[PDB]
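See below for my_file.tsv, which holds TSV, C-alpha atoms.
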chain	number	residue	atom	x	y	z
A	1	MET	CA	113.14	60.77	92.18
A	2	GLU	CA	112.55	62.76	95.37
A	3	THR	CA	115.24	61.91	97.92
A	4	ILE	CA	113.40	61.04	101.14
A	5	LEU	CA	116.44	62.23	103.11
A	6	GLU	CA	115.65	65.82	102.16
A	7	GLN	CA	111.96	65.49	103.06
A	8	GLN	CA	112.57	63.86	106.45
A	9	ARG	CA	115.23	66.50	107.05
A	10	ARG	CA	112.84	69.38	106.32
A	11	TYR	CA	110.34	67.68	108.62
A	12	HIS	CA	112.68	67.39	111.61
A	13	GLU	CA	113.71	70.99	110.92
A	14	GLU	CA	110.13	72.29	110.94
A	15	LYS	CA	109.37	70.36	114.12
A	16	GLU	CA	112.44	72.01	115.63
A	17	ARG	CA	111.12	75.40	114.47
A	18	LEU	CA	107.74	74.89	116.13
A	19	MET	CA	109.22	73.62	119.41
A	20	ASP	CA	111.43	76.72	119.36
A	21	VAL	CA	108.42	78.98	118.77
A	22	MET	CA	106.19	77.68	121.54
A	23	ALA	CA	109.30	77.64	123.74
A	24	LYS	CA	109.98	81.32	123.02
A	25	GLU	CA	106.35	81.94	123.97
A	26	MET	CA	106.59	79.94	127.18
A	27	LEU	CA	109.66	82.10	127.78
A	28	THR	CA	108.23	85.60	127.42
A	29	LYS	CA	105.25	84.73	129.63
A	30	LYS	CA	105.74	81.60	131.81
A	31	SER	CA	102.10	81.86	132.86
A	32	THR	CA	101.25	80.20	129.51
A	33	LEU	CA	102.74	76.95	130.77
A	34	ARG	CA	102.10	77.48	134.47
A	35	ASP	CA	98.38	78.12	134.02
A	36	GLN	CA	98.08	75.06	131.82
A	37	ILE	CA	100.18	72.84	134.04
A	38	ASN	CA	98.21	73.74	137.17
A	39	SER	CA	94.95	72.58	135.61
A	40	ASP	CA	96.67	69.46	134.31
A	41	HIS	CA	97.72	68.79	137.89
A	42	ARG	CA	94.13	68.18	138.99
A	43	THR	CA	93.32	65.92	136.03
A	44	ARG	CA	96.41	63.71	135.96
A	45	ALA	CA	97.53	63.61	139.62
A	46	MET	CA	101.02	62.32	138.79
A	47	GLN	CA	102.05	65.50	136.96
A	48	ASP	CA	104.97	67.30	138.59
A	49	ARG	CA	104.47	71.06	138.91
A	50	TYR	CA	107.03	73.89	139.41
A	51	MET	CA	107.90	75.65	142.67
A	52	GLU	CA	105.05	77.90	143.82
A	53	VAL	CA	107.44	80.87	144.05
A	54	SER	CA	108.16	80.57	140.33
A	55	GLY	CA	104.45	80.53	139.54
A	56	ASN	CA	103.71	83.61	141.64
A	57	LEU	CA	106.69	85.75	140.64
A	58	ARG	CA	105.97	84.65	137.06
A	59	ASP	CA	109.55	83.54	136.52
A	60	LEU	CA	111.19	80.45	135.03
A	61	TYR	CA	114.73	80.84	136.36
A	62	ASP	CA	116.01	84.22	137.59
A	63	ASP	CA	114.05	86.85	135.68
A	64	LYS	CA	110.49	87.67	136.75
A	65	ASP	CA	108.43	88.41	133.65
A	66	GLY	CA	105.64	90.98	133.27
A	67	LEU	CA	102.14	89.69	134.04
A	68	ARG	CA	99.88	89.47	130.99
A	69	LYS	CA	96.10	89.89	130.76
A	70	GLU	CA	93.80	86.89	130.34
A	71	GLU	CA	92.77	87.44	126.73
A	72	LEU	CA	96.39	87.28	125.56
A	73	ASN	CA	97.30	84.24	127.63
A	74	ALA	CA	94.33	82.34	126.20
A	75	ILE	CA	95.06	83.59	122.68
A	76	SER	CA	98.66	82.39	122.71
A	77	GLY	CA	97.42	79.13	124.25
A	78	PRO	CA	95.13	78.49	121.25
A	79	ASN	CA	97.94	79.52	118.88
A	80	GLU	CA	100.27	77.04	120.59
A	81	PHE	CA	97.36	74.63	120.23
A	82	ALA	CA	97.34	74.86	116.43
A	83	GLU	CA	101.15	74.76	116.48
A	84	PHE	CA	101.07	71.48	118.38
A	85	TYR	CA	98.53	70.25	115.83
A	86	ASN	CA	100.93	71.01	112.96
A	87	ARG	CA	103.73	69.32	114.91
A	88	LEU	CA	101.64	66.19	115.49
A	89	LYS	CA	100.82	66.04	111.77
A	90	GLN	CA	104.45	66.39	110.65
A	91	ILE	CA	105.56	63.82	113.22
A	92	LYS	CA	102.95	61.50	111.70
A	93	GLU	CA	103.90	61.87	108.03
A	94	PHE	CA	107.53	61.52	109.09
A	95	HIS	CA	106.83	58.25	110.88
A	96	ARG	CA	105.14	57.05	107.69
A	97	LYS	CA	108.13	58.06	105.52
A	98	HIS	CA	111.01	56.86	107.70
A	110	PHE	CA	126.17	55.98	93.23
A	111	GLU	CA	128.97	58.19	91.92
A	112	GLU	CA	127.60	57.98	88.38
A	113	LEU	CA	124.31	59.16	89.86
A	114	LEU	CA	126.06	61.96	91.74
A	115	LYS	CA	127.54	63.36	88.54
A	116	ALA	CA	124.26	62.40	86.86
A	117	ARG	CA	122.30	64.83	89.04
A	118	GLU	CA	125.04	67.46	89.30
A	119	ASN	CA	124.85	67.59	85.49
A	120	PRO	CA	121.11	68.31	85.49
A	121	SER	CA	121.73	70.96	88.14
A	122	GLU	CA	123.29	73.01	85.34
A	123	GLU	CA	119.73	73.41	84.02
A	124	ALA	CA	118.51	76.99	83.60
A	125	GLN	CA	121.78	78.74	84.44
A	126	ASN	CA	120.31	82.19	83.83
A	127	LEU	CA	118.10	82.28	86.93
A	128	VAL	CA	118.93	85.71	88.34
A	129	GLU	CA	117.17	85.68	91.72
A	130	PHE	CA	118.03	85.97	95.42
A	131	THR	CA	116.80	83.01	97.47
A	132	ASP	CA	116.62	83.70	101.22
A	133	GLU	CA	113.22	82.21	102.03
A	134	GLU	CA	113.37	78.65	103.33
A	135	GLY	CA	114.25	78.94	107.03
A	136	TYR	CA	113.32	82.63	107.11
A	137	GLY	CA	109.80	82.08	105.79
A	138	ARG	CA	109.31	79.31	108.36
A	139	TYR	CA	111.01	80.95	111.33
A	140	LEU	CA	108.89	83.95	110.34
A	141	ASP	CA	105.82	81.78	109.68
A	142	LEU	CA	105.81	80.83	113.37
A	143	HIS	CA	107.10	83.85	115.35
A	149	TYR	CA	101.05	89.99	111.19
A	150	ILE	CA	101.52	93.77	111.48
A	151	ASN	CA	104.16	95.99	109.86
B	160	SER	CA	120.64	80.99	94.96
B	161	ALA	CA	118.62	77.86	94.17
B	162	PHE	CA	121.54	76.38	92.22
B	163	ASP	CA	124.10	76.78	95.00
B	164	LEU	CA	121.59	75.49	97.56
B	165	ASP	CA	120.79	72.44	95.43
B	166	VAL	CA	124.43	71.47	94.78
B	167	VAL	CA	125.39	72.01	98.42
B	168	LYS	CA	122.47	69.85	99.57
B	169	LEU	CA	123.10	67.17	96.95
B	170	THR	CA	126.84	66.82	97.50
B	171	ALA	CA	125.78	66.89	101.15
B	172	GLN	CA	123.33	64.03	100.56
B	173	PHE	CA	126.01	61.85	98.98
B	174	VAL	CA	128.74	63.10	101.32
B	175	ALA	CA	126.50	61.91	104.16
B	176	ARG	CA	126.54	58.25	103.13
B	177	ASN	CA	129.65	57.94	100.98
B	178	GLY	CA	131.45	60.65	102.93
B	179	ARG	CA	134.38	61.74	100.78
B	180	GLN	CA	134.19	58.41	98.91
B	181	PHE	CA	132.03	59.72	96.07
B	182	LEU	CA	132.76	63.44	96.41
B	183	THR	CA	136.51	62.97	96.92
B	184	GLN	CA	136.43	61.05	93.64
B	185	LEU	CA	134.16	63.53	91.88
B	186	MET	CA	136.55	66.38	92.67
B	187	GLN	CA	139.42	64.56	90.94
B	188	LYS	CA	137.29	63.28	88.05
B	189	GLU	CA	135.39	66.42	87.01
B	190	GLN	CA	138.31	68.65	87.98
B	191	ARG	CA	136.12	71.45	89.35
B	192	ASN	CA	137.56	74.46	91.09
B	193	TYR	CA	134.01	75.09	92.29
B	194	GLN	CA	133.83	71.51	93.57
B	195	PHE	CA	137.22	71.93	95.23
B	196	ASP	CA	136.01	75.12	96.92
B	197	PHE	CA	132.89	73.33	98.13
B	198	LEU	CA	135.05	70.55	99.59
B	199	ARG	CA	137.33	73.14	101.19
B	200	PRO	CA	136.79	75.10	104.46
B	201	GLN	CA	138.05	78.29	102.81
B	202	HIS	CA	134.79	78.94	100.95
B	203	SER	CA	132.36	80.44	103.52
B	204	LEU	CA	129.36	78.33	102.44
B	205	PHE	CA	131.44	75.30	103.46
B	206	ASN	CA	130.32	75.88	107.05
B	207	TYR	CA	126.61	75.64	106.21
B	208	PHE	CA	127.57	72.52	104.28
B	209	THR	CA	128.98	70.97	107.46
B	210	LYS	CA	125.53	71.69	108.86
B	211	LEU	CA	123.42	70.03	106.16
B	212	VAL	CA	125.55	66.88	106.12
B	213	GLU	CA	125.33	66.62	109.91
B	214	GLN	CA	121.56	66.98	109.61
B	215	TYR	CA	121.38	64.20	107.01
B	216	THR	CA	123.78	62.17	109.15
B	217	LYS	CA	121.15	62.64	111.85
B	218	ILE	CA	118.32	61.34	109.67
B	219	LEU	CA	120.39	58.17	109.32
B	220	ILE	CA	120.39	57.91	113.12
B	221	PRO	CA	116.84	56.74	113.84
B	222	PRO	CA	115.97	55.23	110.46
B	223	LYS	CA	113.72	52.32	111.39
B	224	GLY	CA	112.67	54.06	114.59
B	225	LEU	CA	109.52	56.13	115.04
B	226	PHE	CA	109.09	59.18	117.26
B	227	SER	CA	106.21	58.72	119.69
B	228	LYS	CA	106.39	61.97	121.66
B	240	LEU	CA	107.58	72.04	125.83
B	241	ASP	CA	107.48	73.00	129.52
B	242	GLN	CA	111.27	72.82	129.56
B	243	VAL	CA	111.74	75.04	126.52
B	244	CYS	CA	109.38	77.55	128.12
B	245	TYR	CA	111.40	77.55	131.34
B	246	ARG	CA	114.59	78.04	129.32
B	247	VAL	CA	112.99	80.99	127.60
B	248	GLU	CA	112.05	82.37	131.01
B	249	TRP	CA	115.66	82.01	132.15
B	250	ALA	CA	116.96	83.87	129.10
B	251	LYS	CA	114.51	86.68	129.86
B	252	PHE	CA	115.73	86.83	133.46
B	253	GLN	CA	119.40	86.97	132.41
B	254	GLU	CA	118.49	89.70	129.92
B	255	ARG	CA	116.96	91.67	132.81
B	256	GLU	CA	120.10	91.28	134.93
B	257	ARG	CA	122.16	92.60	132.00
B	258	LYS	CA	119.81	95.57	131.71
B	259	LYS	CA	120.02	96.41	135.43
B	260	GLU	CA	123.80	96.21	135.30
B	261	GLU	CA	123.92	98.60	132.36
B	262	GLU	CA	121.76	100.98	134.40
B	263	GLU	CA	123.96	100.92	137.50
B	264	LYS	CA	127.02	101.47	135.33
B	265	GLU	CA	125.27	104.49	133.82
B	266	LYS	CA	124.67	105.94	137.28
B	267	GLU	CA	128.34	105.44	138.14
B	268	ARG	CA	129.45	107.23	134.97
B	269	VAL	CA	127.17	110.14	135.82
B	270	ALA	CA	128.44	110.55	139.38
B	271	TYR	CA	132.11	110.04	138.48
B	272	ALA	CA	131.68	112.70	135.81
B	273	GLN	CA	129.93	114.92	138.34
B	274	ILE	CA	132.22	115.10	141.40
B	275	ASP	CA	134.95	117.64	142.30
B	276	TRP	CA	138.30	116.00	141.57
B	277	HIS	CA	139.86	119.18	142.96
B	278	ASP	CA	138.67	118.73	146.55
B	279	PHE	CA	141.99	117.20	147.58
B	280	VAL	CA	142.99	116.26	151.13
B	281	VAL	CA	145.90	113.81	150.97
B	282	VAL	CA	147.71	112.00	153.79
B	283	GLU	CA	150.76	110.10	152.55
B	284	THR	CA	152.56	108.89	149.43
B	285	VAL	CA	154.12	105.74	147.98
C	118	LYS	CA	146.76	98.03	148.63
C	119	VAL	CA	144.39	100.32	150.55
C	120	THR	CA	141.65	99.32	152.99
C	121	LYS	CA	139.04	102.06	153.48
C	122	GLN	CA	136.39	101.56	156.17
C	123	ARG	CA	133.00	103.29	156.35
C	124	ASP	CA	130.26	104.10	158.86
C	125	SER	CA	128.67	101.39	161.00
C	126	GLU	CA	124.99	102.15	160.31
C	127	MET	CA	125.41	105.27	162.46
C	138	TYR	CA	115.87	106.33	148.95
C	139	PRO	CA	117.80	104.37	146.29
C	140	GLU	CA	120.29	107.25	146.18
C	141	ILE	CA	124.04	106.72	146.46
C	142	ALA	CA	123.59	102.99	147.04
C	143	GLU	CA	122.44	102.28	143.48
C	144	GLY	CA	125.78	103.53	142.18
C	145	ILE	CA	128.64	101.07	142.83
C	146	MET	CA	129.68	102.14	146.39
C	147	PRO	CA	132.36	104.84	145.70
C	148	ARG	CA	134.95	105.57	142.95
C	149	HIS	CA	138.71	106.08	142.46
C	150	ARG	CA	140.59	108.36	140.06
C	151	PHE	CA	144.22	109.37	139.47
C	152	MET	CA	144.59	113.15	139.68
C	153	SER	CA	147.59	115.32	138.80
C	154	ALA	CA	148.54	117.89	141.43
C	155	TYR	CA	148.86	120.47	138.65
C	156	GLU	CA	145.48	121.76	139.82
C	157	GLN	CA	144.76	122.63	143.45
C	158	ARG	CA	142.39	125.03	145.22
C	159	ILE	CA	144.79	126.65	147.68
C	160	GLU	CA	147.00	127.34	144.66
C	161	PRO	CA	150.12	127.75	146.81
C	162	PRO	CA	152.31	126.69	143.86
C	163	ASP	CA	153.60	123.21	144.74
C	164	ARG	CA	152.81	120.24	142.50
C	165	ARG	CA	154.36	117.49	140.39
C	166	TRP	CA	152.93	114.23	141.71
C	167	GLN	CA	149.79	112.11	141.36
C	168	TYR	CA	147.04	111.20	143.83
C	169	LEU	CA	144.82	108.12	144.01
C	170	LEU	CA	141.62	109.90	145.01
C	171	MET	CA	138.75	107.88	146.49
C	172	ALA	CA	135.21	109.26	146.76
C	173	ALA	CA	131.82	108.32	148.23
C	174	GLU	CA	128.69	110.48	148.23
C	175	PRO	CA	128.38	111.51	151.89
C	176	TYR	CA	131.94	111.04	153.18
C	177	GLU	CA	134.82	113.35	152.24
C	178	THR	CA	137.32	112.67	149.46
C	179	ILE	CA	140.68	111.05	150.20
C	180	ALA	CA	144.04	111.12	148.42
C	181	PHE	CA	147.27	109.10	148.36
C	182	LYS	CA	150.51	110.44	146.85
C	183	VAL	CA	152.20	108.29	144.21
C	184	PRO	CA	155.81	109.42	143.63
C	185	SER	CA	156.66	106.22	141.71
C	186	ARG	CA	155.93	106.78	138.03
C	187	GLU	CA	154.39	103.30	137.81
C	188	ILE	CA	153.58	100.51	140.26
C	189	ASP	CA	151.28	97.48	139.83
C	190	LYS	CA	150.28	98.88	136.42
C	191	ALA	CA	149.57	95.39	135.06
C	192	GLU	CA	149.23	93.96	131.55
C	193	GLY	CA	145.94	92.32	130.55
C	194	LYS	CA	145.16	90.80	133.95
C	197	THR	CA	139.31	91.30	128.05
C	198	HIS	CA	135.69	91.42	129.27
C	199	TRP	CA	133.90	94.70	128.54
C	200	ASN	CA	131.83	96.19	131.34
C	201	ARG	CA	133.61	99.53	131.56
C	202	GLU	CA	131.82	100.45	134.78
C	203	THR	CA	133.62	103.75	135.15
C	204	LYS	CA	137.06	102.90	133.74
C	205	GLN	CA	139.64	100.13	133.32
C	206	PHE	CA	141.15	101.14	136.66
C	207	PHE	CA	138.01	100.57	138.75
C	208	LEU	CA	136.92	97.20	137.35
C	209	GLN	CA	140.51	96.02	136.98
C	210	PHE	CA	141.60	96.54	140.58
C	211	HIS	CA	138.95	97.44	143.15
C	212	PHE	CA	136.63	95.58	145.50
C	213	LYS	CA	133.61	96.90	147.36
C	214	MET	CA	132.51	94.81	150.31
C	215	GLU	CA	129.14	96.55	150.53
C	216	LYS	CA	127.85	94.20	153.23
C	217	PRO	CA	130.60	95.29	155.62
C	218	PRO	CA	131.30	98.65	153.97
C	219	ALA	CA	134.97	98.00	153.19
C	220	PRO	CA	136.55	99.34	150.00
C	221	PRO	CA	139.78	97.63	148.95
C	222	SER	CA	141.99	99.05	146.20
C	223	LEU	CA	145.06	97.45	144.59

Write-out of the structure in C-alpha cells:
Amino acid sequence: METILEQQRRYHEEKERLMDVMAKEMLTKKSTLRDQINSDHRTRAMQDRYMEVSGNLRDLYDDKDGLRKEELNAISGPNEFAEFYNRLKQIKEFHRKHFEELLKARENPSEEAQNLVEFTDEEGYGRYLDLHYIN
Amino acid sequence: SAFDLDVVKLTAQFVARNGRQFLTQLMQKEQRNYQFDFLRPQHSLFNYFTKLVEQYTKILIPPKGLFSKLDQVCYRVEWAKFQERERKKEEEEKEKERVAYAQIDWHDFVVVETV
Amino acid sequence: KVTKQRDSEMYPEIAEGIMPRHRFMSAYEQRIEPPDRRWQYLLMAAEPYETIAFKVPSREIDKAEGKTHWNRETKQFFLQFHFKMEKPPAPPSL
C-alpha cells in the first residue's frame, strides 16, 4: 500500500519549506524576531538576546534593513504564528508515523494510463508558493 | 510528468534500501534503455534522483527517534539582505567610475618620462 | 610600478568614485599638434589634480595572462593591476 517513506519524506520537506519561509521573513525585516525576542526576554529570563546595535540598526549581520510599520510587523507575526501551527501539526503526525519482485511488480503497474498528456510542475512549486495573493 | 516522477521516486525508494542491489539487477533483467538511463548520470533527471534517494536515506536516519523541537534562520536572511546591499552599492560606485572615465579629457597630456 | 602621492588634507563628489583612473593613450592625438607621435602613455587622472602621463616605448611589459571574477569597474586594466590606498592617498600602479 502507501509507502510510509514517501509520506515521512513529504513531511520533512514541508517542515523545511515552512522553516525557510519564516526564515525569509525574519530576514527581510529582523524586527519580526527582535520585537518578539525582547518581550520573551522579560518572561523567560534565561533567553539570550542579540546585540543592541543589531536591534537598533535593524540588521542581522551586515545589511541594515528598512524599518517597517507596526501593522505589518504584527501581521507577519500572526502569519508566522499559523505557519508554526502547521509545522507543529506535521511534526506531530510524523512522530506518530515514524523485494525485487515487488519492484518490478510496481514498475509494471506504473505503465497504467500511458496516454496522460499533462505537464506536472506543482509539488514543490505549489508549496514553496503556498508559503511565500495579488497578481 | 506523473509517470516519470513516480518511477524516479519508486526506483529511488528501493535504491535507498537495496541500493543497486535490486535496481542493478532490474536493469539487467528487464533490459530497459530507460532504466539504464535512469541509473546513469548522463540523463539530466538522474541528478534529481540523487536527491530523492538521499532524502529517503535521511528518513532512514532517525527511524525510531522522534523530533521534539527560527531566530537563526531570520538572522541568516538578514545577512543575505545585507550582502545584497553591499553588492548594490558596489554596482553603483562602479557606475560612477564608468561615467567619469567616459567623461574626462584623455587629450590633456603632460608626460614626464618613458619606459 | 608607479607610486603617486596626493594632498595631505590641505559632498559625496569625487570620493564616491574609486579614487582616480588610468588609461593607455596613443600619442596620435595631441593638442599642441606639433607633429610628433608614435608611442603610448599610461595616463592617470583624479578629479581636482592634473592629469599625468608616462611614456611606454616597449610594445609590451607586464601584460600578464589570466592573473576570472567579473567586476569590470572601469576596465580589465584598472581592476587587474591598481591599488588605491585611500586612507593615505597613495595610488600604486603595476

State, in Å with one decimal place, the distance from atom CA of residue 200 of chain B to atom CA of residue 132 of chain A.
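Answer for the atom CA of residue 200 of chain B to atom CA of residue 132 of chain A separation: 22.2 Å.
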
Taking only residues of chain C that have an atom at most 7 Å from an atom of chain B, what is each one's shortest atom pair and its distance in Å to one decimal, using all atoms listed in the file, in chain and number order, as CSV?
residue,atom,partner,partner_atom,distance
C:143,CA,B:263,CA,6.3
C:144,CA,B:267,CA,5.2
C:145,CA,B:267,CA,6.4
C:148,CA,B:271,CA,6.9
C:156,CA,B:277,CA,6.9
C:157,CA,B:277,CA,6.0
C:158,CA,B:277,CA,6.8
C:178,CA,B:279,CA,6.8
C:179,CA,B:280,CA,5.8
C:180,CA,B:281,CA,4.1
C:181,CA,B:284,CA,5.4
C:182,CA,B:284,CA,3.6
C:183,CA,B:285,CA,4.9
C:184,CA,B:285,CA,5.9
C:185,CA,B:285,CA,6.8
C:202,CA,B:264,CA,4.9
C:203,CA,B:268,CA,5.4

Residues of chain A within 6 Å of chain B, using only C-alpha atoms, as a list in words?
residues 23, 24, 26, 27, 60, 61, 62, 63, 95, 98, 111, 130 and 131 of chain A

Atom CA of residue 43 of chain A to atom CA of residue 82 of chain A, straight-line distance in Å:
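Result for atom CA of residue 82 of chain A versus atom CA of residue 43 of chain A: 21.9 Å, one decimal.
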
Could you check how far atom CA of residue 176 of chain C sits from atom CA of residue 151 of chain C, in Å to one decimal?
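So the two atoms, atom CA of residue 176 of chain C and atom CA of residue 151 of chain C, lie 18.5 Å apart.
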
Find the residues near residue 211 of chain C: any atom within 12 Å, counting all atoms listed in the file, skip ones fewer than 3 places away on the same chain, and give them as a count of residues only.
24

Which is closest to residue 142 of chain A among A:48, A:2, A:20, A:13, if we use all atoms listed in the file?
A:20

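When all atoms listed in the file are used to measure the gap to residue 167 of chain B, the shortest distance among B:205, B:213, B:220, B:258 belongs to B:205.
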
Test item: residues at most 12 Å from residue 36 of chain A, all atoms listed in the file, excluding those fewer than 2 positions along its chain, as a PyMOL selection string
(chain A and resi 26+30-34+38-43+47+49-50+55+73-74+76-78+80-81) or (chain B and resi 240-241)

Let me have the centre and edge lengths of the axis-aligned box enclosing all listed atoms of segment 74-86 of chain A with 8 Å padding on every side, in Å to one decimal, as JSON.
{"center_x": 97.7, "center_y": 76.9, "center_z": 119.6, "size_x": 22.8, "size_y": 29.3, "size_z": 29.2}

Selecting N, CA and C atoms, how would segment 110-137 of chain A from this structure be written as a PDB file, in the first residue's frame?
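Result saved to selection34.pdb:
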ATOM      1  N   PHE A 110      11.687  -8.546  -2.624  1.00  0.00           N
ATOM      2  CA  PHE A 110      11.663  -7.095  -2.767  1.00  0.00           C
ATOM      3  C   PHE A 110      11.865  -6.662  -4.214  1.00  0.00           C
ATOM      4  N   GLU A 111      12.641  -7.441  -4.962  1.00  0.00           N
ATOM      5  CA  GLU A 111      12.867  -7.156  -6.374  1.00  0.00           C
ATOM      6  C   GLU A 111      11.590  -7.450  -7.155  1.00  0.00           C
ATOM      7  N   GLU A 112      10.984  -8.597  -6.856  1.00  0.00           N
ATOM      8  CA  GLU A 112       9.726  -8.990  -7.482  1.00  0.00           C
ATOM      9  C   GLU A 112       8.656  -7.931  -7.250  1.00  0.00           C
ATOM     10  N   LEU A 113       8.737  -7.250  -6.111  1.00  0.00           N
ATOM     11  CA  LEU A 113       7.806  -6.171  -5.805  1.00  0.00           C
ATOM     12  C   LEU A 113       8.190  -4.885  -6.535  1.00  0.00           C
ATOM     13  N   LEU A 114       9.487  -4.700  -6.760  1.00  0.00           N
ATOM     14  CA  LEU A 114       9.967  -3.556  -7.526  1.00  0.00           C
ATOM     15  C   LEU A 114       9.410  -3.618  -8.941  1.00  0.00           C
ATOM     16  N   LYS A 115       9.659  -4.731  -9.624  1.00  0.00           N
ATOM     17  CA  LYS A 115       9.112  -4.922 -10.957  1.00  0.00           C
ATOM     18  C   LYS A 115       7.588  -4.963 -10.900  1.00  0.00           C
ATOM     19  N   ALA A 116       7.061  -5.496  -9.803  1.00  0.00           N
ATOM     20  CA  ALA A 116       5.618  -5.569  -9.594  1.00  0.00           C
ATOM     21  C   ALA A 116       4.963  -4.196  -9.696  1.00  0.00           C
ATOM     22  N   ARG A 117       5.551  -3.212  -9.024  1.00  0.00           N
ATOM     23  CA  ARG A 117       5.015  -1.857  -9.035  1.00  0.00           C
ATOM     24  C   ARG A 117       5.373  -1.112 -10.324  1.00  0.00           C
ATOM     25  N   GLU A 118       6.609  -1.279 -10.787  1.00  0.00           N
ATOM     26  CA  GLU A 118       7.041  -0.652 -12.032  1.00  0.00           C
ATOM     27  C   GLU A 118       6.154  -1.075 -13.201  1.00  0.00           C
ATOM     28  N   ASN A 119       5.590  -2.277 -13.107  1.00  0.00           N
ATOM     29  CA  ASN A 119       4.654  -2.776 -14.110  1.00  0.00           C
ATOM     30  C   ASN A 119       3.346  -1.992 -14.076  1.00  0.00           C
ATOM     31  N   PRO A 120       2.816  -1.778 -12.874  1.00  0.00           N
ATOM     32  CA  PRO A 120       1.566  -1.041 -12.716  1.00  0.00           C
ATOM     33  C   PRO A 120       1.749   0.441 -13.025  1.00  0.00           C
ATOM     34  N   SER A 121       2.996   0.904 -13.000  1.00  0.00           N
ATOM     35  CA  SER A 121       3.281   2.293 -13.343  1.00  0.00           C
ATOM     36  C   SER A 121       3.020   2.566 -14.825  1.00  0.00           C
ATOM     37  N   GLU A 122       2.952   1.502 -15.615  1.00  0.00           N
ATOM     38  CA  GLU A 122       2.639   1.616 -17.036  1.00  0.00           C
ATOM     39  C   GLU A 122       1.183   2.022 -17.240  1.00  0.00           C
ATOM     40  N   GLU A 123       0.389   1.925 -16.177  1.00  0.00           N
ATOM     41  CA  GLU A 123      -1.028   2.268 -16.234  1.00  0.00           C
ATOM     42  C   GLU A 123      -1.284   3.656 -16.804  1.00  0.00           C
ATOM     43  N   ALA A 124      -2.319   3.765 -17.630  1.00  0.00           N
ATOM     44  CA  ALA A 124      -2.693   5.032 -18.251  1.00  0.00           C
ATOM     45  C   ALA A 124      -1.477   5.742 -18.839  1.00  0.00           C
ATOM     46  N   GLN A 125      -0.962   5.196 -19.936  1.00  0.00           N
ATOM     47  CA  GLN A 125       0.204   5.762 -20.604  1.00  0.00           C
ATOM     48  C   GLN A 125      -0.125   7.098 -21.261  1.00  0.00           C
ATOM     49  N   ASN A 126      -1.333   7.201 -21.807  1.00  0.00           N
ATOM     50  CA  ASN A 126      -1.759   8.408 -22.506  1.00  0.00           C
ATOM     51  C   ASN A 126      -2.264   9.482 -21.543  1.00  0.00           C
ATOM     52  N   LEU A 127      -1.378   9.969 -20.680  1.00  0.00           N
ATOM     53  CA  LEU A 127      -1.729  11.038 -19.752  1.00  0.00           C
ATOM     54  C   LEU A 127      -0.986  12.328 -20.079  1.00  0.00           C
ATOM     55  N   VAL A 128      -1.303  12.907 -21.234  1.00  0.00           N
ATOM     56  CA  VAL A 128      -0.659  14.133 -21.690  1.00  0.00           C
ATOM     57  C   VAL A 128      -0.934  15.291 -20.736  1.00  0.00           C
ATOM     58  N   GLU A 129       0.042  15.607 -19.889  1.00  0.00           N
ATOM     59  CA  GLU A 129      -0.096  16.697 -18.926  1.00  0.00           C
ATOM     60  C   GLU A 129       1.241  17.064 -18.285  1.00  0.00           C
ATOM     61  N   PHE A 130       1.501  18.364 -18.172  1.00  0.00           N
ATOM     62  CA  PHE A 130       2.716  18.847 -17.524  1.00  0.00           C
ATOM     63  C   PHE A 130       2.512  18.951 -16.017  1.00  0.00           C
ATOM     64  N   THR A 131       3.429  18.361 -15.257  1.00  0.00           N
ATOM     65  CA  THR A 131       3.299  18.305 -13.805  1.00  0.00           C
ATOM     66  C   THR A 131       4.457  19.006 -13.103  1.00  0.00           C
ATOM     67  N   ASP A 132       4.270  20.294 -12.820  1.00  0.00           N
ATOM     68  CA  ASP A 132       5.259  21.108 -12.119  1.00  0.00           C
ATOM     69  C   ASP A 132       4.558  21.815 -10.964  1.00  0.00           C
ATOM     70  N   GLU A 133       4.051  21.033 -10.010  1.00  0.00           N
ATOM     71  CA  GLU A 133       3.185  21.594  -8.975  1.00  0.00           C
ATOM     72  C   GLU A 133       3.291  20.994  -7.572  1.00  0.00           C
ATOM     73  N   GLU A 134       4.357  20.256  -7.288  1.00  0.00           N
ATOM     74  CA  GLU A 134       4.502  19.712  -5.948  1.00  0.00           C
ATOM     75  C   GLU A 134       5.287  20.629  -4.996  1.00  0.00           C
ATOM     76  N   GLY A 135       6.527  20.935  -5.354  1.00  0.00           N
ATOM     77  CA  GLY A 135       7.331  21.850  -4.557  1.00  0.00           C
ATOM     78  C   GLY A 135       7.022  23.301  -4.886  1.00  0.00           C
ATOM     79  N   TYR A 136       6.504  23.550  -6.083  1.00  0.00           N
ATOM     80  CA  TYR A 136       6.179  24.907  -6.507  1.00  0.00           C
ATOM     81  C   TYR A 136       4.890  25.399  -5.861  1.00  0.00           C
ATOM     82  N   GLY A 137       3.925  24.498  -5.709  1.00  0.00           N
ATOM     83  CA  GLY A 137       2.651  24.852  -5.102  1.00  0.00           C
ATOM     84  C   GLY A 137       2.810  25.033  -3.596  1.00  0.00           C
TER      85      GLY A 137
END
